[PDB]
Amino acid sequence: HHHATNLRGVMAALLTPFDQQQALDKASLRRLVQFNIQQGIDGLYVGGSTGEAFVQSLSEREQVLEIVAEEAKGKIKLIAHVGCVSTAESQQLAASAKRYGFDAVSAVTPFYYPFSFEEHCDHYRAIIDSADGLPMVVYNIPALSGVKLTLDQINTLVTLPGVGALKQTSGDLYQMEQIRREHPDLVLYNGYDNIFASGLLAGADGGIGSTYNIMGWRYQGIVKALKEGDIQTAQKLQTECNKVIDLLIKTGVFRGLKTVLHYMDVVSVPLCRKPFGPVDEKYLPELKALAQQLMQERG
């Protein structure tokens, strides 16, 4: 785990821009990568849940991975979410990530069909092999995957040879502490942005989050405040993040974020892919106001 310590940080879960024909918008993808870099983000987690991985083909996911590396390789840390239900598909994406010079790969626990724990372990092992030396970030998100990993199961997964981190999108902060206690050196990303300050206090040492695309400096601010013992500032920042997250949950998170980025002149067309619909027009004034507030704040 100590050999992956350079993966520690606050990493935006990159959104994948589309146009009105639902095609990849590669110009907006480049703009969003540069926007994140200019903001001072530590890294990008590419083609994850927030990236709409599960409504893209392997080819599309590869095209996005390739472009992000062109834009960002060597400037910030790059994690490729290569996870699919299929192991073989996941391996293809892992091999591509390696070719493009990503720093790490990542895979969600495969979903839909119930798999045995042993089947999960073998899935990670196979993807790790295809990653050809890129460390693996195990991605746990029980709310969407339906996969209910026990602590003992998590301990086994995060100690597989080649695993360097866990992205823990769980609100169970007892379990967060338990993981930190068992694995003192493990890179442990908090995945729910709306508990980030609490997740760090429980033992996370960074995070990966969708909302970091529009306000990642606030999460950096929380890490800094907690490091300095400035509890009030950490709380204030988390409160401001949660005010924003309340709105995004109302509007739909990915599309709300894309809409903010559109009003920030970053994303040309703020659409997610079908079956996501567009943002309800009634929310547009709040989203524009938020874009303006955040632009004023970031300066």
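We number the residues from 1 along the sequence you see.
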Would 2-10 or 290-298 have the larger average of its C-alpha temperature factors, as given in the entry? 2-10
Quick one: say whether 55-63 or 36-44 has the higher mean Cα B-factor in the deposited entry. 36-44
If you compare 96, 87, 155, 190, which has the highest Cα B-factor in the entry? 155
Highest Cα temperature factor in the entry, among the options 209, 203, 83, 74: which one is it? 74
Quick check on the deposited entry: does the C-alpha B-factor of residue 161 sit in the lowest, middle or highest third of its chain? highest
How does residue 102 rank on Cα B-factor within its chain, lowest, middle or highest third? middle
Here the Cα B-factor of residue 176, set against its chain, lands in the third termed lowest
Taking the chain's C-alpha temperature factors as the reference, tell me which third residue 133 falls into: lowest, middle or highest. highest
Where does residue 198 sit by CA temperature factor within its chain: lowest, middle or highest third? lowest
